[PDB]
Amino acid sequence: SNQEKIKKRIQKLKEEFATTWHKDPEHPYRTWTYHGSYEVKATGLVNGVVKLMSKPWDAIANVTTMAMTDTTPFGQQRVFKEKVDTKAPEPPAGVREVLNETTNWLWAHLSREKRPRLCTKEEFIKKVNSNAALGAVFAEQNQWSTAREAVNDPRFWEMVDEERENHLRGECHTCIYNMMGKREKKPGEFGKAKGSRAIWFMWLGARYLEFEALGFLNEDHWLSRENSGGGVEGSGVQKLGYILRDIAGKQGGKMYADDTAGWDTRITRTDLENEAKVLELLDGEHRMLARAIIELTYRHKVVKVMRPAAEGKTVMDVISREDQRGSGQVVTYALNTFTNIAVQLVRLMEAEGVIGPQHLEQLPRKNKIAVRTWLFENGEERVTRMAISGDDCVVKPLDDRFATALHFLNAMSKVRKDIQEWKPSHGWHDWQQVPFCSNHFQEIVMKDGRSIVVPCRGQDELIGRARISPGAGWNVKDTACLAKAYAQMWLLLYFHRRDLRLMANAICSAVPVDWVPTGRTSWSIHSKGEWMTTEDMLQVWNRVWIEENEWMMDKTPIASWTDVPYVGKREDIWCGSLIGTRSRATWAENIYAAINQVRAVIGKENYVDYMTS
């Protein structure tokens, strides 16, 4: 039966590469069914402007050694073995009953006003022709080369329609995962650093089909705060401090922000079944299509991944498994947020004495009743005590028993990161120490007496990333525009950091004022890209921090960067500032040599001197 569901995809591959197809070099796979291999060509960059603008950071290992990804077969195999070739154990019956109730409640709540609907060809095309199918990583669109000309060709859509017909017939032929490579470990403090993660691609057609059947979850903002209560989908990172500060404003215990150790390796068949309840929000064709996506591409997966073989040779392995997720899906962020809300509701019920460790193997009827009653009476309020974005969460429980409420959490395989399994969680009395979506947030006072809540994170990581250039095919122009994008992003979000204000300004002084920022500064669903512009950044700043800031009452425009605040020196240094050092002072004093050196490489252009201060 599982055999049956993957047969067609395997047969397609076995036939396309019948030439080199063989059955295995002692294959490494332990939890994945191995089908065979074939021969392939193995797969596997500094920003000059930012580099030149950041001389002191040449002495800092976090910056100089930074790498994003490893798409070699070696890196594919490493990440596959560490992160994908594992199986989370199913939770026991009581826990299942608690998650069953909890997810029934959450689905009823998310669907209270929003109605599910198909997304469309034209919606997808519009999505593709922009700031992207951002992160649902895109691409086999192999013969067009880019996604834009692929969606522009009627032949692409005929392929889509054919596979759509197969789905409607209960079969899947082409919808196959490719593990393109490894996203390296990201920096963080203990309990917050992200481990390496797999990078998944599928054919563009597969992405369309997924998007059509389930993309409404994203496109109609099912996980927005307004709809989900605990979610924050749609909000810029500049809203998130304010949201934490409102949560902090409620009466309760400390604030907790436990990460799961590798969330995407820890979702169980149970979590999938509860997610799959989405099917009953659906009717007719819509449901048929979504059912095919869930049953055939989410559950019965087929996966291609590279492996090093004999003579500096590379094979592609073909493997399958009755599985769950990994990301690489169009709705991975939405469903992670759903399941993680449910997870936090369960933990809150344990923390509030509704359920205990006696209940894991079996949930007594009396407790089932109390569970349902607690969700009915408290769900809507408890959800507002949370900020959940994917696997990132912050929660403010009623009281600090939450610290020890770990039985259901561990039984659900949602083991917390970098803390011993049964050690109570650490919570914070101060909302400004709480980490969330790679930031913490600081309330700072401006000269005019008004205050703002600004995002803050390790400066080395920011500088390190800006120094990276994805382009083999980036112009002098594209490099300077990307440097510009980073600089302007720092001006909108991290202006309060002295080195970043200074570095951003020097970069904007060095790059032609009429050049439009291009490229990508962040993968986060929370970076909205207000800095991708040639508009004067202070006006953008005013619009974001004053005008459209619903926590800003007095709408009085700020007129000069002079009146835009910095964090206290203590903070700045804490999060990696180089102020106070001889290196950074030499740097501030000689910056102009670097600027003019850039202006001299780029050539005769309209420039502006932004080092007024």
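Residue positions are given as counts along the sequence shown, with the first one as 1.
Counting only residues that lack coordinates, how big is the gap in the deposited sequence between residue 44 and residue 45? Pick none, 1 to 3, 4 to 9 or 10 or more. Going from residue 44 to residue 45, the model skips 4 to 9 residues of the deposited sequence.
### Query
Comparing 115-123 with 219-227, which has the greater mean CA B-factor as deposited?
Stretch with the higher mean C-alpha B-factor: 115-123.
| Comparing 252-260 with 172-180, the one whose average Cα B-factor in the PDB entry is higher | Here the higher of the two C-alpha B-factor means belongs to 172-180.
Top Cα B factor in the deposited entry, candidates 424, 473, 435, 427 | Result of the comparison over 424, 473, 435, 427: 473.
- Message: Maximum C-alpha temperature factor per the entry, among 372, 239, 450, 465, belongs to which one?
- Response: Of 372, 239, 450, 465, 450 has the highest C-alpha B-factor.
Ranked against its chain, the third holding the CA B-factor of residue 37 = Tercile = highest for this residue's CA B-factor.
Please rank the C-alpha B-factors of the chain's modelled residues and tell me whether residue 542 sits in the lowest, middle or highest third.
Middle third, going by the recorded CA B-factors of the chain.
Taking only the Cα B-factors deposited for this chain, tell me whether residue 282 sits in the lowest, middle or highest third.
It falls in the top third of the chain.
Classify residue 153 as lowest, middle or highest third according to the C-alpha B-factor given in the PDB entry, relative to its own chain.
It falls in the top third of the chain.
Compared with the other modelled residues in the chain, in which third is the CA B-factor of residue 81?
-> Middle third of the chain for residue 81's C-alpha B-factor.
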